[PDB]
file structure-v1.pdb (PDB, C-alpha atoms (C1' of nucleotides))
ATOM      1  CA  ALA K   5      30.783   2.168 -64.015  1.00  0.00           C
ATOM      2  CA  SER K   6      27.587   2.056 -61.744  1.00  0.00           C
ATOM      3  CA  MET K   7      25.736   4.522 -64.030  1.00  0.00           C
ATOM      4  CA  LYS K   8      24.078   3.682 -67.299  1.00  0.00           C
ATOM      5  CA  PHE K   9      23.381   5.680 -70.441  1.00  0.00           C
ATOM      6  CA  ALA K  10      20.877   5.519 -73.298  1.00  0.00           C
ATOM      7  CA  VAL K  11      21.554   6.985 -76.617  1.00  0.00           C
ATOM      8  CA  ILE K  12      18.695   7.942 -78.878  1.00  0.00           C
ATOM      9  CA  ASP K  13      19.593   9.279 -82.297  1.00  0.00           C
ATOM     10  CA  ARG K  14      17.576  11.675 -84.385  1.00  0.00           C
ATOM     11  CA  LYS K  15      18.549  13.765 -87.439  1.00  0.00           C
ATOM     12  CA  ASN K  16      18.734  16.998 -85.456  1.00  0.00           C
ATOM     13  CA  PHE K  17      20.437  15.732 -82.343  1.00  0.00           C
ATOM     14  CA  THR K  18      21.299  12.764 -80.290  1.00  0.00           C
ATOM     15  CA  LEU K  19      19.610  12.517 -76.984  1.00  0.00           C
ATOM     16  CA  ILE K  20      21.616  11.102 -74.134  1.00  0.00           C
ATOM     17  CA  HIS K  21      19.709   9.971 -71.074  1.00  0.00           C
ATOM     18  CA  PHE K  22      21.310   8.742 -67.942  1.00  0.00           C
ATOM     19  CA  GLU K  23      20.144   6.775 -64.989  1.00  0.00           C
ATOM     20  CA  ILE K  24      21.758   6.632 -61.667  1.00  0.00           C
ATOM     21  CA  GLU K  25      21.589   3.995 -58.995  1.00  0.00           C
ATOM     22  CA  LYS K  26      21.103   5.468 -55.510  1.00  0.00           C
ATOM     23  CA  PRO K  27      23.428   8.296 -54.327  1.00  0.00           C
ATOM     24  CA  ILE K  28      26.487   9.202 -56.337  1.00  0.00           C
ATOM     25  CA  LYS K  29      29.886  10.413 -55.190  1.00  0.00           C
ATOM     26  CA  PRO K  30      31.989  12.880 -57.182  1.00  0.00           C
ATOM     27  CA  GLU K  31      34.806  10.371 -57.370  1.00  0.00           C
ATOM     28  CA  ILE K  32      32.672   8.557 -59.949  1.00  0.00           C
ATOM     29  CA  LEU K  33      33.506  11.208 -62.498  1.00  0.00           C
ATOM     30  CA  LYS K  34      37.029   9.714 -62.691  1.00  0.00           C
ATOM     31  CA  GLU K  35      35.491   6.535 -64.043  1.00  0.00           C
ATOM     32  CA  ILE K  36      32.514   7.509 -66.292  1.00  0.00           C
ATOM     33  CA  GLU K  37      32.892   6.162 -69.845  1.00  0.00           C
ATOM     34  CA  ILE K  38      30.939   8.588 -71.875  1.00  0.00           C
ATOM     35  CA  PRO K  39      28.823   7.449 -74.771  1.00  0.00           C
ATOM     36  CA  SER K  40      30.429   8.171 -78.101  1.00  0.00           C
ATOM     37  CA  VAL K  41      28.256  10.235 -80.373  1.00  0.00           C
ATOM     38  CA  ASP K  42      27.987  11.418 -83.966  1.00  0.00           C
ATOM     39  CA  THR K  43      29.898  14.783 -83.943  1.00  0.00           C
ATOM     40  CA  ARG K  44      27.973  16.148 -86.887  1.00  0.00           C
ATOM     41  CA  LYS K  45      25.023  16.501 -84.419  1.00  0.00           C
ATOM     42  CA  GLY K  46      24.196  18.486 -81.342  1.00  0.00           C
ATOM     43  CA  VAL K  47      23.527  16.649 -78.127  1.00  0.00           C
ATOM     44  CA  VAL K  48      20.751  16.804 -75.559  1.00  0.00           C
ATOM     45  CA  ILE K  49      21.498  15.634 -72.103  1.00  0.00           C
ATOM     46  CA  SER K  50      18.884  14.390 -69.627  1.00  0.00           C
ATOM     47  CA  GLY K  51      18.812  12.468 -66.438  1.00  0.00           C
ATOM     48  CA  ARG K  52      18.018  12.941 -62.761  1.00  0.00           C
ATOM     49  CA  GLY K  53      21.254  13.708 -61.047  1.00  0.00           C
ATOM     50  CA  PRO K  54      23.072  16.493 -59.352  1.00  0.00           C
ATOM     51  CA  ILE K  55      24.263  19.638 -61.154  1.00  0.00           C
ATOM     52  CA  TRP K  56      27.922  18.661 -61.246  1.00  0.00           C
ATOM     53  CA  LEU K  57      27.063  15.591 -63.196  1.00  0.00           C
ATOM     54  CA  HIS K  58      25.241  17.494 -65.860  1.00  0.00           C
ATOM     55  CA  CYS K  59      27.923  20.099 -66.069  1.00  0.00           C
ATOM     56  CA  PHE K  60      30.568  17.405 -66.393  1.00  0.00           C
ATOM     57  CA  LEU K  61      28.668  15.638 -69.110  1.00  0.00           C
ATOM     58  CA  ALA K  62      27.811  18.826 -70.990  1.00  0.00           C
ATOM     59  CA  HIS K  63      31.411  19.773 -71.162  1.00  0.00           C
ATOM     60  CA  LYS K  64      32.447  16.475 -72.538  1.00  0.00           C
ATOM     61  CA  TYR K  65      30.327  17.114 -75.573  1.00  0.00           C
ATOM     62  CA  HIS K  66      31.497  20.599 -76.260  1.00  0.00           C
ATOM     63  CA  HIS K  67      33.165  19.648 -79.509  1.00  0.00           C
ATOM     64  CA  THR K  68      29.639  19.216 -80.970  1.00  0.00           C
ATOM     65  CA  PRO K  69      27.375  21.634 -82.790  1.00  0.00           C
ATOM     66  CA  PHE K  70      25.607  22.257 -79.513  1.00  0.00           C
ATOM     67  CA  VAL K  71      24.709  21.110 -76.049  1.00  0.00           C
ATOM     68  CA  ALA K  72      21.268  21.386 -74.654  1.00  0.00           C
ATOM     69  CA  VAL K  73      20.265  20.451 -71.205  1.00  0.00           C
ATOM     70  CA  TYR K  74      16.870  18.999 -70.692  1.00  0.00           C
ATOM     71  CA  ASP K  75      14.278  20.493 -68.451  1.00  0.00           C
ATOM     72  CA  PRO K  76      10.860  18.696 -68.183  1.00  0.00           C
ATOM     73  CA  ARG K  77       9.067  22.043 -67.772  1.00  0.00           C
ATOM     74  CA  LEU K  78      10.511  23.708 -70.946  1.00  0.00           C
ATOM     75  CA  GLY K  79      12.303  21.299 -73.254  1.00  0.00           C
ATOM     76  CA  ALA K  80      15.927  21.199 -74.071  1.00  0.00           C
ATOM     77  CA  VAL K  81      17.754  24.440 -73.337  1.00  0.00           C
ATOM     78  CA  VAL K  82      20.787  25.141 -75.506  1.00  0.00           C
ATOM     79  CA  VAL K  83      23.615  26.110 -73.112  1.00  0.00           C
ATOM     80  CA  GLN K  84      26.454  26.273 -75.586  1.00  0.00           C
ATOM     81  CA  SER K  85      26.796  26.153 -79.325  1.00  0.00           C
ATOM     82  CA  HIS K  86      28.891  26.385 -82.517  1.00  0.00           C
ATOM     83  CA  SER K  87      25.838  25.978 -84.782  1.00  0.00           C
ATOM     84  CA  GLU K  88      22.925  28.230 -85.625  1.00  0.00           C
ATOM     85  CA  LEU K  89      21.127  27.297 -82.462  1.00  0.00           C
ATOM     86  CA  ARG K  90      21.935  30.008 -79.943  1.00  0.00           C
ATOM     87  CA  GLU K  91      22.256  29.792 -76.194  1.00  0.00           C
ATOM     88  CA  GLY K  92      18.884  30.186 -74.592  1.00  0.00           C
ATOM     89  CA  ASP K  93      17.140  28.568 -77.585  1.00  0.00           C
ATOM     90  CA  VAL K  94      14.761  25.707 -76.728  1.00  0.00           C
ATOM     91  CA  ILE K  95      14.522  22.411 -78.577  1.00  0.00           C
ATOM     92  CA  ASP K  96      11.083  20.851 -78.411  1.00  0.00           C
ATOM     93  CA  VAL K  97      11.556  17.362 -77.064  1.00  0.00           C
ATOM     94  CA  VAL K  98       9.658  15.353 -74.520  1.00  0.00           C
ATOM     95  CA  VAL K  99      11.969  12.783 -72.948  1.00  0.00           C
ATOM     96  CA  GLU K 100       9.348  11.039 -70.831  1.00  0.00           C
ATOM     97  CA  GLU K 101       7.608  10.365 -74.141  1.00  0.00           C
ATOM     98  CA  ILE K 102      10.535   9.238 -76.176  1.00  0.00           C
ATOM     99  CA  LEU K 103      11.534   6.701 -73.581  1.00  0.00           C
ATOM    100  CA  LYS K 104       8.131   4.999 -73.766  1.00  0.00           C
ATOM    101  CA  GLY K 105       8.300   1.259 -74.351  1.00  0.00           C
ATOM    102  CA  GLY K 106      11.610   1.399 -72.547  1.00  0.00           C
ATOM    103  CA  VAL K 107      15.150   1.706 -73.743  1.00  0.00           C
ATOM    104  CA  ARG K 108      18.275  -0.461 -73.211  1.00  0.00           C
ATOM    105  CA  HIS K 109      20.498   1.469 -70.828  1.00  0.00           C
ATOM    106  CA  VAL K 110      24.108   0.689 -71.817  1.00  0.00           C
TER
ATOM    107  CA  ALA N   5      19.203  42.559 -65.846  1.00  0.00           C
ATOM    108  CA  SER N   6      17.337  39.913 -63.834  1.00  0.00           C
ATOM    109  CA  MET N   7      20.563  38.480 -62.392  1.00  0.00           C
ATOM    110  CA  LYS N   8      23.361  39.621 -60.105  1.00  0.00           C
ATOM    111  CA  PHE N   9      26.828  38.139 -59.448  1.00  0.00           C
ATOM    112  CA  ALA N  10      29.362  38.312 -56.606  1.00  0.00           C
ATOM    113  CA  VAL N  11      33.027  37.471 -57.058  1.00  0.00           C
ATOM    114  CA  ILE N  12      35.081  36.428 -54.122  1.00  0.00           C
ATOM    115  CA  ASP N  13      38.665  36.033 -55.075  1.00  0.00           C
ATOM    116  CA  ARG N  14      41.191  33.825 -53.284  1.00  0.00           C
ATOM    117  CA  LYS N  15      44.685  32.491 -53.988  1.00  0.00           C
ATOM    118  CA  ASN N  16      43.397  29.065 -55.093  1.00  0.00           C
ATOM    119  CA  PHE N  17      40.250  30.137 -56.987  1.00  0.00           C
ATOM    120  CA  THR N  18      37.703  32.787 -57.799  1.00  0.00           C
ATOM    121  CA  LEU N  19      34.327  32.013 -56.377  1.00  0.00           C
ATOM    122  CA  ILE N  20      31.404  33.296 -58.323  1.00  0.00           C
ATOM    123  CA  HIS N  21      28.039  33.344 -56.688  1.00  0.00           C
ATOM    124  CA  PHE N  22      24.842  34.295 -58.393  1.00  0.00           C
ATOM    125  CA  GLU N  23      21.427  35.350 -57.252  1.00  0.00           C
ATOM    126  CA  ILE N  24      18.254  35.220 -59.181  1.00  0.00           C
ATOM    127  CA  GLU N  25      15.012  37.087 -58.948  1.00  0.00           C
ATOM    128  CA  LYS N  26      11.774  35.244 -59.750  1.00  0.00           C
ATOM    129  CA  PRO N  27      11.586  32.254 -62.068  1.00  0.00           C
ATOM    130  CA  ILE N  28      14.000  32.780 -64.944  1.00  0.00           C
ATOM    131  CA  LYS N  29      13.380  32.070 -68.613  1.00  0.00           C
ATOM    132  CA  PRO N  30      15.968  30.553 -70.943  1.00  0.00           C
ATOM    133  CA  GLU N  31      15.926  33.653 -73.147  1.00  0.00           C
ATOM    134  CA  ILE N  32      17.910  35.319 -70.399  1.00  0.00           C
ATOM    135  CA  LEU N  33      21.021  33.440 -71.393  1.00  0.00           C
ATOM    136  CA  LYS N  34      21.230  35.645 -74.493  1.00  0.00           C
ATOM    137  CA  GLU N  35      21.731  38.627 -72.144  1.00  0.00           C
ATOM    138  CA  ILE N  36      23.907  37.544 -69.196  1.00  0.00           C
ATOM    139  CA  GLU N  37      27.101  39.592 -68.912  1.00  0.00           C
ATOM    140  CA  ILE N  38      29.601  37.360 -67.237  1.00  0.00           C
ATOM    141  CA  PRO N  39      32.059  38.473 -64.596  1.00  0.00           C
ATOM    142  CA  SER N  40      35.630  38.584 -65.924  1.00  0.00           C
ATOM    143  CA  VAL N  41      38.119  36.750 -63.778  1.00  0.00           C
ATOM    144  CA  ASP N  42      41.819  36.231 -63.176  1.00  0.00           C
ATOM    145  CA  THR N  43      42.764  33.404 -65.597  1.00  0.00           C
ATOM    146  CA  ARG N  44      45.686  32.262 -63.535  1.00  0.00           C
ATOM    147  CA  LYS N  45      42.953  30.726 -61.294  1.00  0.00           C
ATOM    148  CA  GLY N  46      40.251  28.109 -61.450  1.00  0.00           C
ATOM    149  CA  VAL N  47      36.671  29.158 -60.875  1.00  0.00           C
ATOM    150  CA  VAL N  48      33.941  27.890 -58.547  1.00  0.00           C
ATOM    151  CA  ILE N  49      30.355  28.547 -59.440  1.00  0.00           C
ATOM    152  CA  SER N  50      27.457  28.662 -56.997  1.00  0.00           C
ATOM    153  CA  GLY N  51      23.920  29.968 -56.867  1.00  0.00           C
ATOM    154  CA  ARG N  52      20.388  28.606 -56.660  1.00  0.00           C
ATOM    155  CA  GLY N  53      19.116  28.193 -60.169  1.00  0.00           C
ATOM    156  CA  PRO N  54      18.280  25.623 -62.716  1.00  0.00           C
ATOM    157  CA  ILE N  55      20.693  23.246 -64.264  1.00  0.00           C
ATOM    158  CA  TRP N  56      20.920  24.932 -67.620  1.00  0.00           C
ATOM    159  CA  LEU N  57      22.064  28.096 -65.961  1.00  0.00           C
ATOM    160  CA  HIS N  58      24.923  26.375 -64.206  1.00  0.00           C
ATOM    161  CA  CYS N  59      25.951  24.498 -67.291  1.00  0.00           C
ATOM    162  CA  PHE N  60      25.873  27.645 -69.332  1.00  0.00           C
ATOM    163  CA  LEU N  61      27.930  29.420 -66.740  1.00  0.00           C
ATOM    164  CA  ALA N  62      30.456  26.660 -66.345  1.00  0.00           C
ATOM    165  CA  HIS N  63      31.060  26.663 -70.028  1.00  0.00           C
ATOM    166  CA  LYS N  64      31.742  30.288 -70.096  1.00  0.00           C
ATOM    167  CA  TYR N  65      34.741  29.872 -67.790  1.00  0.00           C
ATOM    168  CA  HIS N  66      36.269  27.033 -69.617  1.00  0.00           C
ATOM    169  CA  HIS N  67      39.223  29.129 -70.644  1.00  0.00           C
ATOM    170  CA  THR N  68      40.392  28.885 -66.944  1.00  0.00           C
ATOM    171  CA  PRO N  69      42.503  26.281 -65.080  1.00  0.00           C
ATOM    172  CA  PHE N  70      39.348  24.555 -63.859  1.00  0.00           C
ATOM    173  CA  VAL N  71      35.713  24.775 -63.178  1.00  0.00           C
ATOM    174  CA  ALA N  72      34.049  23.430 -60.084  1.00  0.00           C
ATOM    175  CA  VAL N  73      30.414  23.453 -59.384  1.00  0.00           C
ATOM    176  CA  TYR N  74      29.306  24.037 -55.873  1.00  0.00           C
ATOM    177  CA  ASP N  75      27.230  21.582 -53.906  1.00  0.00           C
ATOM    178  CA  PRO N  76      26.240  22.529 -50.327  1.00  0.00           C
ATOM    179  CA  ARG N  77      26.464  18.881 -49.219  1.00  0.00           C
ATOM    180  CA  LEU N  78      30.022  18.235 -50.514  1.00  0.00           C
ATOM    181  CA  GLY N  79      31.901  21.314 -51.527  1.00  0.00           C
ATOM    182  CA  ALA N  80      33.049  22.323 -54.932  1.00  0.00           C
ATOM    183  CA  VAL N  81      33.140  19.521 -57.480  1.00  0.00           C
ATOM    184  CA  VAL N  82      35.659  19.922 -60.224  1.00  0.00           C
ATOM    185  CA  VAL N  83      33.950  19.251 -63.622  1.00  0.00           C
ATOM    186  CA  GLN N  84      36.592  20.472 -66.061  1.00  0.00           C
ATOM    187  CA  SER N  85      40.288  20.805 -65.636  1.00  0.00           C
ATOM    188  CA  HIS N  86      43.676  21.908 -67.120  1.00  0.00           C
ATOM    189  CA  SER N  87      45.422  22.266 -63.758  1.00  0.00           C
ATOM    190  CA  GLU N  88      46.535  19.673 -61.130  1.00  0.00           C
ATOM    191  CA  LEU N  89      42.962  19.216 -59.953  1.00  0.00           C
ATOM    192  CA  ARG N  90      41.210  16.231 -61.546  1.00  0.00           C
ATOM    193  CA  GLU N  91      37.558  15.897 -62.452  1.00  0.00           C
ATOM    194  CA  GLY N  92      35.590  14.511 -59.514  1.00  0.00           C
ATOM    195  CA  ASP N  93      38.035  16.181 -57.063  1.00  0.00           C
ATOM    196  CA  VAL N  94      36.404  18.256 -54.352  1.00  0.00           C
ATOM    197  CA  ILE N  95      37.551  21.681 -53.262  1.00  0.00           C
ATOM    198  CA  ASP N  96      36.753  22.377 -49.649  1.00  0.00           C
ATOM    199  CA  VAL N  97      34.798  25.626 -49.396  1.00  0.00           C
ATOM    200  CA  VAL N  98      31.602  26.605 -47.608  1.00  0.00           C
ATOM    201  CA  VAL N  99      29.724  29.229 -49.553  1.00  0.00           C
ATOM    202  CA  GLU N 100      27.009  29.917 -46.985  1.00  0.00           C
ATOM    203  CA  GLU N 101      29.892  30.762 -44.690  1.00  0.00           C
ATOM    204  CA  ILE N 102      31.957  32.853 -46.998  1.00  0.00           C
ATOM    205  CA  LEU N 103      28.946  35.017 -47.721  1.00  0.00           C
ATOM    206  CA  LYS N 104      28.341  35.941 -44.086  1.00  0.00           C
ATOM    207  CA  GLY N 105      28.239  39.674 -43.473  1.00  0.00           C
ATOM    208  CA  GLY N 106      26.853  40.205 -46.932  1.00  0.00           C
ATOM    209  CA  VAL N 107      28.630  40.671 -50.185  1.00  0.00           C
ATOM    210  CA  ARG N 108      27.838  43.331 -52.785  1.00  0.00           C
ATOM    211  CA  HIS N 109      26.096  41.566 -55.669  1.00  0.00           C
ATOM    212  CA  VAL N 110      27.091  43.369 -58.823  1.00  0.00           C
TER
ATOM    213  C1'   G T   1      21.612  24.076 -55.253  1.00  0.00           C
ATOM    214  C1'   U T   2      19.636  15.022 -56.948  1.00  0.00           C
ATOM    215  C1'   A T   3      16.397  17.820 -63.966  1.00  0.00           C
ATOM    216  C1'   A T   4      15.917  26.042 -59.016  1.00  0.00           C
TER
END
call {"tool": "encode", "arguments": {"input": "structure-v1.pdb", "output": "structure tokens"}}
result
Amino acid sequence: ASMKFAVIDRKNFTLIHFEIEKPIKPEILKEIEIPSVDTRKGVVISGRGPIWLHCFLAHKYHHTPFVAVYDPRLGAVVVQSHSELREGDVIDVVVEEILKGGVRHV
Amino acid sequence: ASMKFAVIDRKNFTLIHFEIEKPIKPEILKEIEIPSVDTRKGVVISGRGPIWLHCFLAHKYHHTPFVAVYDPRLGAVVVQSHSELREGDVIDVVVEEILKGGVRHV
RNA sequence: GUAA
């Protein structure tokens, strides 16, 4: 409810970037309405938030070819997959760069 | 391996705590050999490490009643469930406290 | 463990 998502689509994946107002409470997970995504594509998840949030979100996209978790130092780290990307693989993405010009956070 | 686990087992869950040497690289996920756990029980995961490690780990226990991700400020945040516990619920455990006296990290 |  009080947390907004952005959904950027590319051929090889759909990036999902979240933004959080202030501190969050775990209770909020009961109410998050997760962006719907093209299931023929792996997903990359980014956003500044605590670990539980990321884990929660990553799970919710498990039915997809893969889930990669962004890390500004490295890129997007595959953490689970059903595709030819393997866990530990790194997708070259720079999120700070893709979000230039600014993106509507729905 | 570069990474050791501890498993503390309790009626209402199996706590899994990890410890990491150095800065890890994502490659390592190809090699982690995950502790096998009583499936009649949810799991709690704790350890200082990057997000992708946690997310990876949490996924790997998804076959259990639930997965909760530890947070020293709050307790253990459920992030997946097939038991009574709901996502966003908080299990009351203090890991810094349960590890007093030292626990063999296998 | 609020992008170790």
call {"tool": "interface_residues", "arguments": {"input": "structure-v1.pdb", "of": "chain K", "to": "chain N", "cutoff": "6 Å", "atoms": "all atoms listed in the file", "output": "MDAnalysis selection string"}}
result
chainID K and resid 30:31 33:34 55:56 59:60 73 83 92
call {"tool": "calpha_fit_rmsd", "arguments": {"input": "structure-v1.pdb", "fixed": "chain K", "moving": "chain N"}}
result
0.3 Å
call {"tool": "closest_residue", "arguments": {"input": "structure-v1.pdb", "among": "N:19, N:5, N:24, N:41", "to": "residue T:4", "atoms": "only C-alpha atoms (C1' of nucleotides)"}}
result
N:24
call {"tool": "residues_around", "arguments": {"input": "structure-v1.pdb", "residues": "residue K:18", "least_positions_apart": "2", "cutoff": "8 Å", "atoms": "all atoms listed in the file", "output": "list in words"}}
result
residues 11, 12, 13, 14, 15, 16, 20, 41, 42, 45, 46, 47 and 48 of chain K
call {"tool": "write_last_selection", "arguments": {"input": "structure-v1.pdb", "atoms": "C-alpha atoms", "output": "PDB file, keeping the file's coordinate frame"}}
result
ATOM      1  CA  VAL K  11      21.554   6.985 -76.617  1.00  0.00           C
ATOM      2  CA  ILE K  12      18.695   7.942 -78.878  1.00  0.00           C
ATOM      3  CA  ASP K  13      19.593   9.279 -82.297  1.00  0.00           C
ATOM      4  CA  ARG K  14      17.576  11.675 -84.385  1.00  0.00           C
ATOM      5  CA  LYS K  15      18.549  13.765 -87.439  1.00  0.00           C
ATOM      6  CA  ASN K  16      18.734  16.998 -85.456  1.00  0.00           C
ATOM      7  CA  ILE K  20      21.616  11.102 -74.134  1.00  0.00           C
ATOM      8  CA  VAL K  41      28.256  10.235 -80.373  1.00  0.00           C
ATOM      9  CA  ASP K  42      27.987  11.418 -83.966  1.00  0.00           C
ATOM     10  CA  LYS K  45      25.023  16.501 -84.419  1.00  0.00           C
ATOM     11  CA  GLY K  46      24.196  18.486 -81.342  1.00  0.00           C
ATOM     12  CA  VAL K  47      23.527  16.649 -78.127  1.00  0.00           C
ATOM     13  CA  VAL K  48      20.751  16.804 -75.559  1.00  0.00           C
TER      14      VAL K  48
END
call {"tool": "atom_distance", "arguments": {"input": "structure-v1.pdb", "atom1": "atom CA of residue N:99", "atom2": "atom CA of residue N:79"}}
result
8.4 Å
call {"tool": "decode", "arguments": {"input": "structure-v1.pdb", "residues": "chain T", "atoms": "C-alpha atoms (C1' of nucleotides)", "output": "PDB file, in the first residue's frame"}}
result
ATOM      1  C1'   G T   1      22.025  -8.450   9.183  1.00  0.00           C
ATOM      2  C1'   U T   2      17.542  -1.009   5.537  1.00  0.00           C
ATOM      3  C1'   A T   3      20.927  -3.395  -1.563  1.00  0.00           C
ATOM      4  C1'   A T   4      27.146  -7.777   4.308  1.00  0.00           C
TER       5        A T   4
END
